[PDB]
């Protein structure tokens, strides 16, 4: 039911709309979206995250949102605040609160909701809204990126699913939506040993910095492989992760 003029009126209140994408794999996409959100929240900024990933609700898992209940006020759908930084969150998972396990939704029962979440949710005047797009460069992340009309785009890949085609493909999509790639994050680019500190490229060297230099992306960072990170992300305590790779 929601219309463009309604979505535009809502989103306009948001100063920054950063969409996060990745190749078909999408490995680390969501975790990177939370880490980014936590980066800004910890800076004293008002952060909000929208879940648009058809393939399982990662975000609500990373933040341990088991409560997952949707409420509605005069301003619209009420987002669930994160337990530690009060980051606003909206996910498909919240539609069935009494479910203790993640449930994959249908196909068309997503495209519409994402639009309704973009315009009928009370995000408020938060200055940063991260949209966790569904993995891949297909039409799924294209429609979401269009309705969201981001103010910037961030690409998340790995030493294996990171090529100049995935990036150029993201460079096109960014223009096909009056936006642009602002950053590139290479996930699990390497592993630093906790005993002697030696570096190992388990998945190989992603050479993510080269591509960031090729198309001169304004920002680039390589997050490493860490027993802790993975351990916290799975137990839904990413907010407790005491490391900031975006700084």
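Positions refer to the first chain, counted from 1.
Mean CA temperature factor is higher for 49 to 57 when stretches 49 to 57 and 35 to 43 are set side by side in the entry. Legend: mean Cα B-factor per stretch from the PDB entry, 87 to 95 versus 170 to 178; the higher mean is in 170 to 178. Going by the entry's values, 148 shows the largest Cα B-factor out of 156, 130, 122, 148. You'll see in the entry that, of 152, 108, 79, 76, the Cα B factor peaks at 108. Compared with the other modelled residues of the chain, the Cα B-factor recorded for residue 70 ranks in the middle third. Among the modelled residues of its chain, residue 12 has a C-alpha B-factor that falls in the middle third according to the deposited record. In this PDB entry, the Cα temperature factor of residue 29 sits in the bottom third of its chain's modelled residues, the lowest group. Ranked by C-alpha B-factor against the other modelled residues of its chain, residue 207 falls in the highest third.
Residue-level temperature factors show residue 196 in the lowest third of its chain, judged at the C-alpha atom.
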